[PDB]
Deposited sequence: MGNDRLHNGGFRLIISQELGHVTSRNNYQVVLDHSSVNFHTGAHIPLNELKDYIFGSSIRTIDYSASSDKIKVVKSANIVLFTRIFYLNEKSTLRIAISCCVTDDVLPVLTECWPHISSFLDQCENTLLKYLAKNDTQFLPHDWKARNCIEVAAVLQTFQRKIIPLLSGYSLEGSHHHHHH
């Protein structure tokens, strides 16, 4: 089914932006949905958010995490899908959350490899490709 995968981080920089052939919305509106709220408490911790972009019939789910204990900078793995996937997305969430964990581990290992705090924006980066592949082969198929 169609999807848009954005990997981004705070310094905001977009590392990957991939829409499926099958599949939008402005990048500045997304930065706000991803890193933008007075309804949720900000804990400075690793988390998951699901938001409905009413203006586009889309649901956005985001894993956001820190490089490490000492860091104040966030990395986000965000995905847009049709809002009618929300029932399946919520039914299958323990599966999706576990796959997002692997994606989070993968990007963190890149940072460890390169002793850096920054993902490339011109990614032969196998770690970024591995995340795209996890969405293509595991997450999105489960959401049909």
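Peer 1: Would you flag the ranges of the deposited sequence that the structure leaves without C-alpha positions?
Peer 2: Holes in the chain trace, numbered from 1: 1 to 8, 20 to 27, 40 to 43, 57, 145 to 147, 169 to 181.
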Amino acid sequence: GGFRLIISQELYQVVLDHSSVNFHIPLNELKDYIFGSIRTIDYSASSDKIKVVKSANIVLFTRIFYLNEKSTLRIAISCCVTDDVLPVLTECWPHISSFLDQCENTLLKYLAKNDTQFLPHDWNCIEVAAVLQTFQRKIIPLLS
From here on, numbers count along this sequence of modelled residues.
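Peer 1: Per the entry, where is the mean C-alpha temperature factor higher: 113 to 121 or 58 to 66?
Peer 2: Averaged over C-alpha atoms, the B-factors run higher in 113 to 121.
Peer 1: So, looking at the entry's B-factor column for Cα atoms, which has the higher mean, 73 to 81 or 24 to 32?
Peer 2: According to the entry, 24 to 32 carries the higher average C-alpha B-factor.
Peer 1: Among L89, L107, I50, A45, single out the one with the highest C-alpha B factor in the record, please.
Peer 2: The listed residue with the largest C-alpha B-factor is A45.
Peer 1: Could you look up the Cα B-factor of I126 in the entry and say which third of the chain it sits in: lowest, middle or highest?
Peer 2: As the PDB entry reports it, the C-alpha B-factor of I126 lands in the middle third of its chain.
Peer 1: Relative to the other modelled residues of the same chain, rank the CA B-factor of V14 and answer lowest, middle or highest third.
Peer 2: Its C-alpha B-factor belongs to the middle third of this chain's values.
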